[PDB]
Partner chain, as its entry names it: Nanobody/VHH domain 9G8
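Before any questions on how it binds or moves, here is one chain, the form deposited without its partner chain, in structure tokens.
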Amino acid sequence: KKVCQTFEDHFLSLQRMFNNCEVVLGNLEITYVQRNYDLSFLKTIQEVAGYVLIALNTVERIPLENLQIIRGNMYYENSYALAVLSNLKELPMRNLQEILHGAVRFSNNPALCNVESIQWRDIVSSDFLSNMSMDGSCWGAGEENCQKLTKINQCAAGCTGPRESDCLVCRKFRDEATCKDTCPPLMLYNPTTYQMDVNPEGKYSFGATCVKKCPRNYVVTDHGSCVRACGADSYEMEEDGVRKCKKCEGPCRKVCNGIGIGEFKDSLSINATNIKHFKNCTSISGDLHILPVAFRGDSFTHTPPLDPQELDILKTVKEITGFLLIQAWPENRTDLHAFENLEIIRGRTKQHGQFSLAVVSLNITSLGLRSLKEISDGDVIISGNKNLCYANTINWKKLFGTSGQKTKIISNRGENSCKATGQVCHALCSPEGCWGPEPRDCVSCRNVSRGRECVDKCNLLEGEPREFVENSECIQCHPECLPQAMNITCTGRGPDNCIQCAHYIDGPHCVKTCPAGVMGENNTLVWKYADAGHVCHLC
């Protein structure tokens, strides 16, 4: 079945979007239809996976004869799925026998006839709390358009026999013929591997039917649903023949246009007008300058002065294609915390053709760019900062990518004076350098690294997280790994690389509880018991 997501213009758009529809994936809204302008623009639709909004319809008759079940994935305002209001004489809603979620509203329909006699009790399901049907089993159009009372367990509208393989509309989903309460699970747990595995028989969920693959432009979500587009907290990633909604790693890629190219083409700096157009942005395409005029405010460009607290919007920037030349920062801030999370400055375009990460004439105590790892093309000039102390420490040869990259770090706070004032790297830092006066702002860690922070030593033997060192970094062990005092508590990551298990141990892996009732191979639920040795034994 084909599925679908001026008065003349509205009618044309609705006829284009609902001519061939059989199951409506979103909400069917039939609103603002001119008189004697609709003619069978939508009659084959049989499943509305949302809300039916028939409002302000001047046309005399909207057929909607084939719509059997309106699911209720949303509501008009609240518990409002069928919205017949402010409209029309005959609406032969013949096949609609059940609306699963929501209620039907009747109001401001003086012209509507024979709809007041329809037994709405069967159509609505337990959502009578908002059943405002105030504006005999027959849907109009004389005879043969009867309400077909059937209600006043995977079949919603009605049954064509006492078999789940033959039902009009499935209650939750239908794999191919049988109405299943859930899709064939994507991951199946195998007692041999003691872990969930991708089941060949598992199928993704596409609306109200289980599909082995999601056709057209449909993305498989985490919960197995095949949504049209990935959510805000997810990203589109193709690993197999079907793309999946990969969860975003912090801020997801939202390539904005930088100052100089695009909407901010002729802008001079990051003015208050230019700001707030870069919120929740990463991989800013172009340069991203902060000239003094941004802080002062300008008249000939009619830009109000930028409050210092508004520079924190840029914190999400994880890359810059052009040059990131920050020539004036608010003096009340001691470190360039605005660009703290920057990771790579590709430097495709260079300020004056030379500099790619220039911080000139600021009053910042420390550069504060802890996350910066690569400055690809241009050179780097960090001068004029009379209070920058932890500056020359960082090995400028390590971060740069091109051999021609230089460094002109001069005129900052004296290194002799930096050491005299106690402004030196915290002892837990490798000789590569230090981005700031704190352990977190360390170019490389001397012994271990609990994340960005560089600790003296991981909790190999004693500690609350009980890390297990790996690649000169501390990784918090799996929660089931009970801490061990005689030796380390876990060889590596995962629940199967731990010596002592706080909870029960299932095969090689240590889990909170034994697998009980989980779906396994051959569509059989798996239940496992635990012995005195915390070993999870399959039943």
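Positions refer to the first chain, counted from 1.
This next part talks about the form deposited with its partner chain bound, which is not shown.
This chain is drawn without its partner chain; in the deposited complex, the residue among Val455, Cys167, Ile344, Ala338 with a heavy atom within 4.5 Å of it is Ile344.
Distance criterion of 4.5 Å from any heavy atom to its partner chain in the deposited complex singles out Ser403 from the list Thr160, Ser403, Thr421, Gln309. Residues placing heavy atoms within 4.5 Å of its partner chain in the deposited complex fall in a single listed stretch, namely 312-320, out of 457-465, 435-443, 312-320, 90-98. Contact check for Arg216: every heavy atom lies farther than 4.5 Å from its partner chain in the deposited complex. Taking the partner from the other structure, its partner chain in the deposited complex has no heavy atom within 4.5 Å of any heavy atom of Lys276. Contact annotation for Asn447: none of its heavy atoms lies within 4.5 Å of its partner chain in the deposited complex.
Using a 4.5 angstroms threshold between heavy atoms, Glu236 counts as touching its partner chain in the deposited complex. If you take 373-412 and check each residue for a heavy atom within 4.5 Å of its partner chain in the deposited complex, you get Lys373, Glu374, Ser376, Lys397, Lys398, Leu399, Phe400, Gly401, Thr402, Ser403, in sequence order.
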